[PDB]
Every structure is written in C-alpha cells, then in structure tokens.
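Colleague: Please see the structure below; I have some questions.
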Amino acid sequence: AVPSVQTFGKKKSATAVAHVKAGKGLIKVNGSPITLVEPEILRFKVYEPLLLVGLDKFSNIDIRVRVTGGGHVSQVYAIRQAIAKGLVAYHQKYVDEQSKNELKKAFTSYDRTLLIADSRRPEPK
Amino acid sequence: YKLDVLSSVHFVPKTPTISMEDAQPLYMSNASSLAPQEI
Amino acid sequence: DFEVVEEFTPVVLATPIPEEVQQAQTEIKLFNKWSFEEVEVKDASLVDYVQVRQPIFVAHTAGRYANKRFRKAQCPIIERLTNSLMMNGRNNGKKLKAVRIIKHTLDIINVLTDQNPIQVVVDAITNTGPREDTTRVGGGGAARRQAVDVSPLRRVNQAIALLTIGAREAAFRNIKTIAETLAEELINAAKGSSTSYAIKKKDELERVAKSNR
Amino acid sequence: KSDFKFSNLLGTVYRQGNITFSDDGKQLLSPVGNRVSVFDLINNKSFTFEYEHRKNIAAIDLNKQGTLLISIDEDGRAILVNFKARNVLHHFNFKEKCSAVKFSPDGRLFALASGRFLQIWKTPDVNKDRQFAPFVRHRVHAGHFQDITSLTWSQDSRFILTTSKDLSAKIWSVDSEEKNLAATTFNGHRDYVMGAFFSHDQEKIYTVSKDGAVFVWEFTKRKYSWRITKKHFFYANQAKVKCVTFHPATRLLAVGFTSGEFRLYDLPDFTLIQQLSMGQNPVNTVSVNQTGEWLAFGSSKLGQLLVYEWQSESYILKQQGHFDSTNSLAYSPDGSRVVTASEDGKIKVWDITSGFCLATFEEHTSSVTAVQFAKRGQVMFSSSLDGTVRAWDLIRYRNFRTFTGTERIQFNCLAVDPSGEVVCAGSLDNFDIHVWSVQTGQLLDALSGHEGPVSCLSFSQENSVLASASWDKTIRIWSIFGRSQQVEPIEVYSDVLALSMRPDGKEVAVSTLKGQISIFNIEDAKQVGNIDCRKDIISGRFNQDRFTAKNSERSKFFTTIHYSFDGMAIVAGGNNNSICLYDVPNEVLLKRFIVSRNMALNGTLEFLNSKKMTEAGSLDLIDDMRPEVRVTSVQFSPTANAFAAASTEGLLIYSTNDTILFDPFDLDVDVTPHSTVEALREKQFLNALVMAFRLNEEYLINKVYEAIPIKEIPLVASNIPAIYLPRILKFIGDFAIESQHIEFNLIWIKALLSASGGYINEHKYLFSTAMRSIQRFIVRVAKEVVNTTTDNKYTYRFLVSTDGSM
Amino acid sequence: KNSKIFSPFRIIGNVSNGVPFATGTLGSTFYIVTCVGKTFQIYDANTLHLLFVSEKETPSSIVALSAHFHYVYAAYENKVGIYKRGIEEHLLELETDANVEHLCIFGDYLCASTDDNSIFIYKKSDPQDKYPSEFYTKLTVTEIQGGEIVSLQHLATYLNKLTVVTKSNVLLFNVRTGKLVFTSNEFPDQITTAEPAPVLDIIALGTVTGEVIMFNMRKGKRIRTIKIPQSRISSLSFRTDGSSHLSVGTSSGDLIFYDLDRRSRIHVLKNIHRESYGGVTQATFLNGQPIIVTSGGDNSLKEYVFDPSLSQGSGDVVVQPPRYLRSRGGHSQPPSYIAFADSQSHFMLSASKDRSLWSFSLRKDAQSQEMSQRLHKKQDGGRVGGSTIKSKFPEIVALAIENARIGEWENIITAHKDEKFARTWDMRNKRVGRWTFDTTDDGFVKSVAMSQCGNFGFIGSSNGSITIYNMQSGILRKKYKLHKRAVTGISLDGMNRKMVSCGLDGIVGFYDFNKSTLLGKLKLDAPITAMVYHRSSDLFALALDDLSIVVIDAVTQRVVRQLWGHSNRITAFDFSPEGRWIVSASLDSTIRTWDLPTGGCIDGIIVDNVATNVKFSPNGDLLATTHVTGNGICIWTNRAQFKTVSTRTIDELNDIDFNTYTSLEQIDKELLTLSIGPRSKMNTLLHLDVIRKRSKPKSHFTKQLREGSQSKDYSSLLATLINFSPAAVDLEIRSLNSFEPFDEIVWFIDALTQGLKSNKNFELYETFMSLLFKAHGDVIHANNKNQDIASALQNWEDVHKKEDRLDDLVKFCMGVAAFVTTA
RNA sequence: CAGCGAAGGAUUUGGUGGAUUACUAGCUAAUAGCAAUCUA
C-alpha cells in the first residue's frame, strides 16, 4: 500500500530496526523525538546521517526506529546505521538511483561504518 | 569428459606420412634449447 | 552575478529540529562550535601526522586505529588527546566522561584566549613535541648514553602523553578540575611559555640530548 | 584516448567456410567467425574486418582486382566490402542457404549457387558511388535437382561449370547467345559430384565424385559430344572426398578427404605427387594460389589451417586455434606477445605484430584457469585444475617448475610477487592461499583467514602486499614478508569476484556480485568510491530461458576487471556480451562495447524474435548445446592504448588509431597545419614541434619529426616543455617499433632521456606505458641488429686472424 | 550542384505524394507502384514491404504512372520511361513539347496523352518482345469532338479500341486505322474519374457533382446513376471476387462502398485520408481479393479488408464493415527536427510540422513506426490536464537522445513550440514518457540537452534559467541562473565534469558539476542560435549572428577556430564523428563543409531547397538533411569513407592536401636505416635452415654480378638482391662457383661493401654477409691470405668499423632506460 | 478531508495488424514460357 522500507543496524549486541516510509518529516526513536536521545553527547553521532546530506532529503520521508539491546554507545551507533541505510534503501527503491549513489558516496566518504558494520573479528595470531 | 561436461555451466565442444603436428611448442626456430648445465 | 538554487521549499519537517543544528548542516564544526578549517599545523614535519583535514562532530569516532602500524597517525588529534586523557588506573573505559571534560576544557580555552581551541591544541602539540632525546646504550654497563633524533610519530605521541599526564599531575590534589588544568596547560603549551609540565620536560630532554650529543 | 576501434581477432585462425588467396600471393582471407580475417604473409601482419554477420559466414570471394569482397552467411545475408578501405558497401538477402560464390576472372560478373538455382549477377564498382540497389541480376538458371555443391568459371568469362549433390554436373553459357556452345549435362558418378573443372585450354573437363572417382570428359567421337575418356580413382577406403580444387595452368589437383588427409596430384597425367595428413578430422577446404606455389588447407573441427608450398616443401604458416575455451589471458611485460590459456588445458602463445601462434604448451591434463607473467619479462606462471601451478620459461620455452598442493585440489586464481620469489594460488575448496617459493619448489606455507572460496588474488607491484577477494563478501590484505605476517580484513556488501589492483600498488578495484565495482585505498581500509555498473550491461536473453532479459540475473555483474597502466581507467568484462570501460576519478562509464552481434552464440540478443516461438518450445531448441557468450578475462596492453579481451571467439583486440580522429590539445586561431609547415620551412624546429603537438595530428608529428635534422636534436630535446613528454615519448615508441630510421630514433631517444631523464625518474607512473614501448623497441629490434652485427665482426676477426691449410 | 564529399543516397520515410498509384499482378502476388515526388516506389501488397525504387531520379516530377506485369511505365515532363525491377529499360521521347498527362497500356499499343488532347500511341516492333518501343501514330482530339482530356483507358474485350474520357464526353477510338468510331452523348457537367467495370463493356465515370454514371459503350447508353450530395468525387473501383461492390472515393476524405445488386450503401468511411492534402487520391480493390488499397496525398497508404459475413445463411445481404489492415505512412508535412537514435545508424527520429513524431528506420523501411501519444496515468491521484479531446502535441522544436540507459527509465527529451514545459519520451517501448519537465520561470523551452549517463535532463528557458532534472523520478535537482535572455544551447561533457551553457546574450558559461560554482565565462560579440558539442573531442561549435561558426574548446576556454563565409542564417551543424569536419547548412540554400584543423571550407553543395536540419550518423557514413519542402528526409552517403578526399579551400603539397604523409627513405646518408618491410626477414634469413629442418614432416644473378663488377658499382645488383624471397636468397647465395680464383667471392664482398657504404638496408647486408659466412666461409678460412679476398675483407672491415656507433647508442639507451624505469 | 483537473477518470483482458536480422517481385520442366493453360 503505502511505500515503506525496513532496514537494520547492528553494533556489538544492540539492534536497530528502521521503518522508513513516505511522510512529512518526523524522525522517532521508540516514539521519542530525535532530539531527546541520550547520552546527549552523541546526539550528533545520531544526527550526522540527517546532517551530512541535509534535511531536504528527509522532508518527504518519516522514520520510526526501534532499538533493543546493548549499552549507550552501541545503541547510538545502531541508530545512526539504521537511519543511514534506511535512507539509502528508500532512495534505491522509490526515488532517484542517482540520488542513491550520491548518498552512498557521501556516507562512504565520511565513514563506511555508518553503512557496513565490521562484524567478523577476532584474530588468532 | 562426459561427467564433467554434464557437471558444468559453460559449453564444451566435443597410414600416411604424417599428421603434420600443427600444435608445436619450442618454436622461435630453436634447436639447442637445452641449458648449459643440461648439456 | 550568479546563483545556484538547490532547495525549493525550506526545511519544515515534522519533528522540529534545533536551529543551531540545521545551521550546522551547512558546514561541520566540532561540537557545533569550532570550524576545522582555517586551522593549520604551523610546523612542518607534523603535517599529515596530526589529522585535521577530516572534520568530525564529536571526538568519539569508533574506527579501528590499532591493527596496522602507522594508522593511529590518521585518527584526528582531538580524540587522540582524549584517548590519552582517559588513561589511568582509576578511570579506564570512561571515554564519554573524557569527551565531556575536554569539551569543557576547550570551551574555556576559547573563552579565555579566543582564536579557536583546535588551533590552540594543534600548535600546543607542535610546540610540546620533543625534537631529540637519548638512548641508554650499554657501553659496558656504564653511565653511557648517546643522542639520537625522534621520528614525528613518536614526537606527536610523546607530546600528547606529556600534556595529558601533566594536566593530571597538576590537578591531583588541587581545587582545579582536570578540565581547567588541561586548559591552562594547553594555553601555556601553546604560547610555549616554559611554565607547563610538557614544555619543561621537552626542553629538559633536548637539553640532556644536546649535552650528551 | 578512449575510441577503441576493433583492431584484430587473435586466436581461431579458421573455423568455417572457404580459404581464399588474393590475386597477388600476399594475403590470405580466412572465414574466422562471423567476420573475415586477412593474413598478410610477406609483411607478416594480419587484421580482421570490423563488419560482422548475423550468423557464421559460409562463403568468401573477392574479385581478381583485389578491390571488393563479398561474404555470405548461413541464410544468405551477403555483405560486400571495399577491401582497400575495409568498410561495408551493401547488404543483401539471398533468400536461401548459399553454398559457393565466385567472381569472374573478368570480375565484372559474380555468380553464386543458392540451393539448387545458380544465379549470375553483375558487380557494382568501387569507383561508381554507393547506389541504393547496386546488384543487377544477370540471370538465374535452374537446371539441377538438388543443392549445388561447387562452381567454377572458364579462364575467360564465357562458360560456368556447376556441380551438385544431384549426381549430374552441368555447364552454362553466361550470355543467351552461346547456348549451343555448352548446354549439356554430365552424368555418370556414383555419389555427390563436387569437382568440375576446365583444363588450361577449355577442352578437357575433369570431374570429381565424392567416393574418389575422377572422370576426364573430352569432346571426342565414338555429331560427337563429351565422351568420358578415363575413370581414374583414389582408393582411399573410408575417406570420401571432402574438398577439391584445381589450379589450371600448373595442372594441379588438390583433394582433402574425410579422414583428415589430403593429396595433390598432377592431374592430366594422373600422377600422385603428395599424400599426407594433418589430423584425424577432415580437410574442410582446400584453395590454391593463382601462381600455384602455395596451397591452403582448413580443417574446421580442430580449427586449424596450413599454407603449404609444394615445390619446395616449406610451410609458410601452420596454425591452430580453439573455440569457446579461452579461459584466461596475459601479456608479456613488453606488449609484444600474448598468452592464451585454454580450457582443454593448453597454453597458446600468440604475438601481436603477426597474428600467429609461435608456441603451444600441451602439458596440463584438465583446464588451465589463469596465467600471468613475472620476473622481468620471461617467466610466466599457469594455474590449473590439475592441482598444478607450473612455471614456464619463455626463452627456452619449457617448463621448469611444478608446484602442487599436498592433496590434488583444483586451483582457480594465482598471483606472483613482482620480485619473482613467491607464487600464490587460490582454490574453490580449501579456503586457503597456498604460497610456494619458486626458486625452490617446496611448499612454503598455506595461509588462511577466509571461510569461502578465494575468488581472486593479486600482488601489489611495489610494496609487495597481497590482496585476496573471496565469497565471504570479504577482501583481505596480507603483508607476508618481513617478520610479521600481518592480515587485515575489509568487508564489502555482496560476495566478491575479480580483484585488480592499481599499478601504483596504492588501491584495489574489486568487482562485487551485486552489479557494482568498488575501489579501496590499501594504506587505509577506506573506500575511495564505487561505480554502480549494473544498469549498463546488456545481458542477452538466451534461447531457452523463460524470463525477460531485464529480470534476468545471469550476468548483471562483472567477472574480470583490469586497470589501465596509468591507473586511470578500469576495463571490465563479464558473462554478458558487454565489455565496458570506466574512468575512476569521475566514476562514470565512458564506453561500452558489444562483443558479438550474431545469434549463433547464445546470449547475444536481449529481445528474441517472436515468430520462432510456437505452441510449445521455441524453434531453435529443436535439434536436427548452443554456446554462451562470455568474456572470461580482459587486460590492457602494456605498450599501447590497445586492450585485449578473451571471449568465446578467441581474443578480441581493440585499439586506438589516432590517425582517424581530431583530438587536439589547446590550440587557437593561428596554429594550423599550414602554419606548422611554414614554421618548419623557416626552421624554428622547437616551435614547429609544439605547433604540431597542439594539433595532435600524427602525420604532422611524422613530418616535423623526420624533417628535424640531426645537429640540433639535443637542442630541441632540451627545450621541449614538460607537458609534452608523454606524447613525444609514446610517439617515438609506437612509430619506432615498425619504422626504419633506427639511428634517427636512437639519437632521438638518447637526446630525450639524456636531457630529461630526471623528470621521468620522478614521474615513473606518468610514463609507464610510454617508455615500455621504447624498451620493447630496443630489445626487440635494435639489440638483435647489434647481435648479428657483432657476430659478423667476430666471425670476420676469427676467419682472418686464424690460419690453416690442410 | 555536384559535390565531392557527400553523394545523395535516398529520401527515406516517404510513401506517397498524391499521384494516383497503379497496381500489378505477378502470378498470385500484387505489387503497388506509388509515386514519391520524382522517383517512384514499388511495394508489395501482401506484407506491404518495400520492394523496389527507381535507381536514379527523373528530370521533372512524375505526373502519371501505370504498370503491366513486370514493367512500370512512368511519365513526366515530356517522356515515358519503361522500367523493369526499378531500373529504366527504355526511354520514350514524345514528339512534342507538350507535357504528358495520362497513359494506358493494353495489348501492343501503349497510349499516352499530353495536355492539349494529343495522343501518341506506340507499338511493339515484334508482337513478342516485352514493351512498346516504336512510335505508331498520333491521334488528336479536337474541341469539336469533346472537352479537354481527363483520362484514357482500354476497357476489356475490345478489338484494338480505346476510350478517351474528356470533361464533357466519352469518345472511343480504333487505334489501328487511327479512327474515331463512337462519340458518346453529351454530359452536362465535368467528369473527373472513369474506371472500367469487370462486367462486360461498361465504364463507371464520376462527375464533379457527386454522381456516378455507368456508361454502356456497346449500347452507347447509361445504365444507372448513383447520386451523392455535393461530393467532389475522385476515384472509383469495383470489387471482382464475385460479390459485386462499387467503391467511390470522395476528395473530402470519404470512401463509400455501394452495393450494386440492390443499390445500397454498404458502409461509409469518413476522414480516411486527410481532406486538405487531396483526400482519397486513388483507391482500388485488388482483383479477386476482398481488400482495398487506398492512398491519399497525405503520405499514407492503407489497406482495408472485407471480412466474411456472419450470416451463414443470408450471406450477401449482411456485409461486415471493412476492417483496417496494414498501412504505411510518413508524416505529411516537412519534418522540423531530426535526430539519430543509436550508434549503429539504424533508427532515426523525426518530428514534423504536423506535430507527429516518427521513428524511421533507415535499415529496413517497414520498421518505421510512429511514436504514440498516450499519457502514462498519474499514479498519485491527479487527473490528466490538457484537453478532453486527444489532439496531437504542440510543435516540436528541439530534442535530445542518450541511448545509455535505454528503456530502463525515460530516455529522450523534447522541447515543444511556445509551451512552458518540456515533456519527455521513451525510445525503447516507443511512447510518451511519464513526466513533463517544467521551466519554473514562465519562459518557453528553447534548449534541451541531457547527460550521456542518461540521468540528468537539461531545460533551457527563454528567461535564461537552466533547470536540471532527473529522469528516473522526474524531480528537479538544481536551477542554474546566469543568463538574462534566452538560453539557446546546453551541453555536458562525456565524463560529467563540466557543462557548457550558451545564451542569446553572447555569454557562453563554463560551469562544472559536483561543485555547482562556475569557472569560466566568455562573451562573444553576437547573439548565438545553436551549439553542437562534440562529446569526444571537447570542442563545441556555435552559431553566431554575424554568421560565424565559432568553435570553442571547453578545457582552456579559447576560441579555437572561427569559420567565416556564410551569407544567411546557419540553420544547422553537425560534427563529423571523428571531429574533423563541421557540416553546416544555411538559408542561402547552401550546405558547406568545414575542415576545422585548417579552418577551411572543403566543399559547398548548392542545394535547391534550404536544408533545415543536418545530422551526421554515430558512425561516419550517413548525413541526413531535411529541407524546407518535401515530406521525406534525404540521407546522403559520404564518399570520404571509401576514398580519401582533398583539403582545399574552394570558392565557386599533395600529402598535406590529402591529410597523409609518407615516410622518406633515409634522412641522409650519415644515418643507418633498416630494410623497409617486415622485421622478421632477418630472423628467417638467419635461421631458415633450422626453420625448414623443424618444419619438415617426419644465372641471372651471376650475370648481373659480373655486369656490376665490370661496371664497378653493384647498386643494380643490390636492388635485385634485397627484395626477393629468403628461400631463393639462400638457394642462390649458397652456390657461388668459387674454386680457384674467387673473383665471385671478391665481387660479392665488394658488393656488400658498396651496399653498407651507403648506410641503407644495413641489417639486410649484415645478414647477407652472415649467410655467406655460414654458407662457404670454410673456403675463405682455407685459402685465407689470398690477396684478393684478404683485400676485400680488409676494406670490408674498414667500412664496417663505422657501424660501432650503433651498439654504442643502443647500449647507452638500454642501460639508461632500465635505470630510469627501475630506479 | 484536500488539491490536480477543456464536453469523464482509473484498471483487467481477448483478437487482428506492424516490428523483433539488412527492404532486388510469383510459378514452372528456367539463357524461355506462364501470370486465362501446358496441352495435340
């Protein structure tokens, strides 16, 4: 029916689900607004997917993010990964694929840990 | 040949004086291609 | 003259974002207060060994800078400073506390001497990094040493270590917190005023290197 | 710069049709694929025609003026081509499957044999312009009952003698006013008559059956009409005749059989001259030069041909190719000779100046997967599914080392340290990278870390770190040497194929399975950028698949990429019919080539014809499998802008000819080729040189370069500015490799890299393809000339200074 | 005028013009010979493919054609051309200056008629040959006998008679004795059509008022009359499959099917052909066939089939209406704008003044089909605007193709006349695209372009703004605002780095993408009306209004060339795909070619109609021009691809003329020089013994040698010696007949001495010396210190000593090259 | 709910016709006859 997309995002044990759909521009983490996200010093670590590329790309979508597990910094990395690749997948499916790889170029030039988590560790020396 | 042609994805094609030996190695007009150790 | 119009409806989204944040979307500043550009490593020989060309928001990038050899000389200098600042037996792991206390530190660095505190801490590093030392060579097990020179990675690392442990030792049993103690240590190191712990230890080490040269 | 015309097709020296010499015994026309190759024998060269047919071609002929040829494929889509300009002239659709076409000795009428009808047409002209309908039909004759098999003329253009799978063989007069001169019909053979020939004077008519019979018709008496005078015979037992030709003036018959044998006779005496074989598969086509010195034999199934001089038994060229087994490619580090590794397990070695092989290596049992060169030109390694990575010296042209595993696992990719001290191979079923020392053949180690099969390997050409890529969606960087053995992983989105790292050894291009190609700087783990290469590769819908070409996902990815040699442009090829090339700074496609436009290959068309679909099953899955189109491995040449791609029809080789282009460089209103020629005739040589470089017209470069005299080549080679050195260095290379003024070229090179050696020294990667062509030129003509002139010097000195008389 | 670069080839995309066609049968086939202006065309009628064309044009326009079995009789200004398979087989010049009007063919007597009621009839020399070749006589109808002529034909079963149909009377002839036989009655109004009937000896003839008289010429009466209100009748026919059906065609675009057995209208057809282009010019039943071939003047040919009846019992009373069957058309007005679709030069696009868009195919001329104006529905809830009636689109001005993402999203863009937006299309599935790209500043669209990565579209409005769009969503990306009047040309690079804007103000703005700043501005001193970017070579050629073609390279922003020499507005350019030439056509009825290296004008064709648009093919073989008049599109073949052409500035050394350059033999005698040709001659000569030993299966020269010996120069000997085969060289040089004197050996060593004295072919002279040394150097070592051969070897080494500078040079160069490529 | 929006809008599906390869006319006993017939 309504155009939606669901993406994930994982730090150590925290897991973030992101439902991105066409909307009016509201970004919610467990119903809380995006501004009211603890521990208040990594609010910009949460902000940087919606801040690197400008809010005009967020004007037509609305995002709801569930988070489980992990501590504080793991939850904020999971949130920002889910937000980022949800925006990328929405632009891959429903709008400009040129805007998709523009966004992918921006996020990968900043840090690709905002798009792909670094899973397979450790090393037996 | 028959077992690995059916176990694959890409297609596999399959007295007088001489059979003329068209697939020859060693040829830049070479006669003593041996090493001096080998001599 | 000339214009470029990219946006055609202003930013009015349903979760109303703070205005300083949607002003920071035009250009990235550290902590939404300090622009990383017009900040230069005044010295040579530490340029491309103190990362300042890649701006960040907070000093908590979670990259991997210890698996290869020299790639800890590419994570930015502010969180290099805060990772050395977290190191003591009482307070390991607490890098969020470390981030917020260097936030208060470089904030009062700005409100005392206002150019920008990232420039203050960059030329503090360039002035504190020692340029020679010695090595305790054997020599028959005598009192024997020989002056050598210092590679710039060791210079930057030893400067950061000297600044952080000097702030800790000057804030051990005083009224001042580690925040303002690191602030005054960085200001004295930026002037090179021969007063702070790191510049004193640097000139001492170069003095004994010149003596035993 | 990026306008790669289709230059040559290496491999597959003949597949299907009829060989044909030119008028002058210089060029041999071979029906290679859907195209025609031309092998120039004396000027030891070759090319392939750029035009293509929609199926495999089946008839070649050019007129005796050597001006235009026609070529006819399996359904009669005849295509004629200006031979001296290599462009197409007109397409035509003869309505049924042709068998043989022949221009006249006059060359004004060509007749062909479509099915049972023969038809004479008159030719168009090279001099008269390109008309809409140029073919004017002379006549069409229908005297036969089954398909015509062969066709000949008289020595003049008056009678035409045809022969068929109908047991008879007949004759015809080309005008309507010589009907009494020849209208009869020669019955009498047991099987398919496929030879019918006039003698040198037109009175004897030799006819040749399929089962080895030769009749000699002659217009003699018991008015009197064409009595058979003799039934000579062949008596090859299970070898019925496959192909016949007959040189009239030297009176030479040449017959190839089913048994893979040929014999040539002196026919009017019927004396067997030569009887000998080329293999166990039939000689499909004989043809003979007009001067009778040379013959040409093509055998289709092994794909071989052979031009044989029968007076003095000296073989001019004997060659054999492959088909749809061209599994990998390499260049020699001087871009002069190519190595083709083929899936039946053999290592052909071609060269680019000619078109011929010079050495196979028939060693491996099962397939050869990948090859590459190492250690300063003359070692190349080959890696198989036998369980063998074996070395090859390319001077003694022999094996010298064979590394195996410990358990016979099939290998899939290999790399080798540029300092040729370690050789690394990766498999499908062991998850490891095997490292072997090469100076001692023992297994050095096996290093692990993946959990899927390693798809591709590489070594960095400068700092010797290794980059592997595997189906764990993972690329992994090993630093092996120097006391450490340090690994570093890098995740990627989908699983990986086709790693290829830059000649600086600073970054790595990987070709992931989702249709994307990423680039990773290897000093960091940081991705520089990636090209979405999916929506710009046309993947042909097959004959048997029940999905569209759009939703198909057989080949929507790449399987071999390679850099250019400045590190600026990735060429890429996959299991689809597109080979693309991109430029990595702007991250954009800049050209896409299609590799084949014939439906004989499977996956060419993305939109199949609807009329072939039936109530059940398409009309091409009804047998009376079809080979897919793939490009298995693609490489840029070291010493050209040219690049090669090993597809199912052999090596395609595309190239730049900067001759036909206007590709200037910051000119303005005053600078003009007339202005450079006046600047040369008023002799300001430096100004005329840069005034020609700005035009970038290579014939002005040729003219100014030759007209500069010797006594100031140091002066102009000093004063030439910095931004023209890549152009002048690569020009001197690619002109000097086939030029003649050797001392002039060497004076120019000595002047250039004496006056400006240091600038090259600090811009090595700017001139990497520039002064590799120069070194190819040095060590592959000039060092040889010096070798023979020193041999003459020493043999003179010995034959004078020593004595002896007994 | 005649040309020297481009030869004209064919006017494609053209079907009919309005001349009444003819039809012919062959066995059980049917071919339609239609006229297109000057040449004609032969379609078949089953699949309606093209089959033939005239191989060369006519002097005037064709006014009337007919067709017997194999032969086509064309008729223009004074002649009648008997043609076979589209090739002219016999002219027939008429014995007058009067222009021919109509003709008919029957039996032996051909019969043509001029425009003054004079009828030349011709006769076959042999009652067995194929066509009437010989003049028989000249009848002449006078104004007493009837009006001025309008048709003539021989209706059937008449012994060498004929029927001339005037404007007022019908009048027969006996063409053997040249006699009139039966003038008919008087007819009270002008008649304009007369076609015979398949029943015995009657002819149906229709007037300018809408009545059809059915004259019975044997009876001399009329049998019936079909009355029709105020219809200018144009073309009758009859249906001959048994069921009798008359079919009239009215020049108001009507086709009326009358039954005749019960005098009833079976079915009318309204607006089948367009009214204003002539209506139904010619419509006929194929005989023994229940189909209809109509042709209008509006460049359209149609087939209408009659279905079998649905009443299996009643049958002929219930007649199903005519279906529509195959048809071939072009657009009926001269084409405005012209593009080439693919790189293979297979499809091309036209958009015409009658507001239709076509995809012509210049490969096979039954593949040409109209693109369709059926809007994709708005899937967000909106309703389609415009009007309720589906009119065609407004007139197309500009358009742009990029076949890079073809069919995956929208492909081509267009730019319509004086409407505020610019809709887009698709070329793969051939219909109108989803979106309409809009200018957002009320200015009409004047320039459109798109990136060669197929994503970004580019609208350039009349108010100077350049809005860029994405073409897989239809949304806007950014709005470049620099100009202050109508932007006339947009382009972007191959690799999307820099883009170029081109206004009417004279400002040419060099912008770059990915950083939306500009980086260059140029001001030319004229208004600018066109820009063609050569995406390969980064030049782009601009029109001006002081008639210059200013070529600017986009990198260093220089004005790199300025082509002067036109007299009126330059309507079009195209780069040659190599980028060497600019072909430009202009309103002084000229089309010139500029060789932009030399800046010169190679040739100028004086074309009779002003060519509006000029386009080169992706590959350099076809030049398609479209003119002021003519419904077609004329494609031109450049002979420059098959032969090299000059470069010489015309107005109504040969190497730099023909752009080539041969290499001289040697620069001077001081320099070495290898042999011209293969560099494998050296290896084959040095190894041909082991070459043949591995390739084995398991005198004139001596005459010339003593000639050159006694003349004491061996240059003719060396010219003989160099250039023949290695086998013959070794077989000759192996036997040199030297037992006591060795004069032949001294002559040969002195010959090689004189050869490498010149410093030429010295690799060959070295290997000839080495061949002799391997051949019979044993006798030289044996009777060494023989005075003659020792003198020959002494001065041979004394000339050989000069060739040590070569190894000094190459062992310098190799060592220093290895040093600068490694260290 | 809204707006878009010229005497309707938006979908499902059959049949026919044109393409999906590069356009030299049909038949036969074929240097010609036929196309109304190859028969005497």
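Just so it is clear, chain A uses Swiss-Prot numbers, and the residues here are 3-127, in order.
Note that Cβ sites are derived from N, Cα and C of the backbone, with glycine treated the same way.
Swiss-Prot lists A:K30, A:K47, A:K59 with the feature ubiquitin cross-link. Look at Swiss-Prot and you will find A:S34, A:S61, A:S76 tagged as phosphoserine. Look at Swiss-Prot and you will find A:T70 tagged as phosphothreonine, backed by a large-scale study or a structure entry.
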Colleague: Return the residues near A:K30 (ubiquitin cross-link), defined as same-chain residues 6+ apart in sequence whose C-beta is under 8 angstroms from its C-beta, sorted by sequence, else 'none'.
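Modeller: Expected: A:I36, A:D64, A:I65, A:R66, A:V67.
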Colleague: Among the recorded sites A:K47, A:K59, which residue has its Cβ surrounded by the fewest other Cβ atoms within 10 Å?
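Modeller: Counting other Cβ atoms within 10 Å of each of the recorded sites A:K47, A:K59, the minimum falls on A:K59.
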Colleague: Rounded to a whole angstrom, what is the C-alpha distance between A:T70 (phosphothreonine) and A:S34 (phosphoserine)?
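Modeller: Here the two Cα atoms lie 15 Å apart.
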Colleague: Of the recorded positions A:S34, A:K47, A:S76, which one has its Cα closest to the Cα of A:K59 (ubiquitin cross-link)?
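Modeller: Among A:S34, A:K47, A:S76, A:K47.
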Colleague: Compare the Cα of A:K47 (ubiquitin cross-link) against each of the modified residues A:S34, A:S61, A:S76 and report the nearest.
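Modeller: Checking each of A:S34, A:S61, A:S76 against A:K47 (ubiquitin cross-link), the shortest Cα distance is to A:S76.
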Colleague: Output, ordered by sequence, the same-chain residues six or more apart from A:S76 (phosphoserine) with a CB under 8 Å from its CB, or 'none'.
Modeller: A:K13, A:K14, A:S15, A:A16
Colleague: Which recorded positions (A:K59, A:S61, A:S76) come close to chain C, taking a Cβ gap under 8 Å as close?
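Modeller: From A:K59, A:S61, A:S76, flagged as close to C: A:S61.
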Colleague: Would you identify which of the modified residues A:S34, A:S61, A:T70 has the most other C-beta atoms lying within 10 angstroms of its C-beta?
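Modeller: Counting every other Cβ within 10 Å of each candidate, the maximum falls on A:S61.
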Colleague: DSSP three-state call for A:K30 (ubiquitin cross-link): helix, strand or coil?
Modeller: strand
Colleague: Express the distance between the Cα positions of A:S61 (phosphoserine) and A:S34 (phosphoserine) as a whole number of Å.
Modeller: 19
Colleague: Reduce the DSSP letter at A:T70 (phosphothreonine) to three states and note it down.
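Modeller: The residue in question, A:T70 (phosphothreonine), is strand (DSSP, three-state).
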Colleague: Under DSSP, is A:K47 (ubiquitin cross-link) part of a helix or a strand, or is it coil?
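Modeller: DSSP call for A:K47 (ubiquitin cross-link): helix.
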Colleague: Name the secondary structure element type, per DSSP in three states, that contains A:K59 (ubiquitin cross-link).
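Modeller: DSSP assigns A:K59 (ubiquitin cross-link) to helix.
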